[PDB]
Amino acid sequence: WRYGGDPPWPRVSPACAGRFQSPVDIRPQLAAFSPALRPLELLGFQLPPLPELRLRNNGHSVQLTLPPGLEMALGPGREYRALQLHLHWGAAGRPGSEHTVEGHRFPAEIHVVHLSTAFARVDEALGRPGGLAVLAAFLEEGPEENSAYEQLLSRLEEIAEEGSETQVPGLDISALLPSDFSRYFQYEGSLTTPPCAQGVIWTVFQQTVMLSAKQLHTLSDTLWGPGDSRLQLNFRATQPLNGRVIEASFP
């Protein structure tokens, strides 16, 4: 499978034709304030330099495999473990976030994918209610260099080739995410690549993360994908809410 070029995605996984897919356009006006949504809690995200982490150009994103030990709670009794994180971006002058706010596409987006601590494996969690949880944050142009992101961005040149990987030192994974864990959107959706299984809880931060224009250029300009093509605009088309209500942790 590929972005903007066959095989159709439903031919690959029937679930890519589900009614309740991601990503979506968030309209803060139409979002339901629910005071039940408490601040997110992360434990174990401040990793030491060893052991090293695998960072892979899988031809559709740059993915960092996370170690055991990273615990995330959406609430009381809603407990997850982190599996991996990856990035969606655009191209020169073209934004590449997957979610949009009131139609606005941001330059890039980070996904931290988590498994419910009721399941031992992704294959058991797929399509099950709350089986997987993704933390999502927009990346926007700022005037400073983000030093958290520099640790990963400085290594992209080593994995320029499609299907290439390198080992990188552990780092504060929570420093790749906004500082505000209390203000977010939450809805139920899908994986955004085959098999596009439903039952995924998406949590989308209101606060964005700032990278420098060069950082965003390094992200969009370094990696290569299927064929002799740049790895760029690696975002799925926005999917209709189809009657789902997006909740907001804030009024």
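Residue numbers run from 1 along the displayed sequence.
- Set 168 to 176 against 92 to 100 and average the Cα temperature factors; 92 to 100 ends up higher.
- In this entry, the higher average B-factor at the C-alpha atoms falls on 140 to 148, of the pair 140 to 148 and 67 to 75.
- Of the residues listed, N57, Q215, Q186, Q198, the entry assigns the biggest Cα temperature factor to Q215.
- Ranked by Cα temperature factor within the chain, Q21 sits in the lowest third according to the deposited record.
- When the modelled residues of the chain are ordered by their C-alpha B factor, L40 lands in the middle third.
- Annotation for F205: CA B-factor lies in the middle third of the chain's modelled residues.
- Annotation for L47: C-alpha temperature factor in the middle third relative to the rest of the modelled chain, per the entry.
- Among the modelled residues of its chain, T192 has a C-alpha B-factor that falls in the middle third according to the deposited record.
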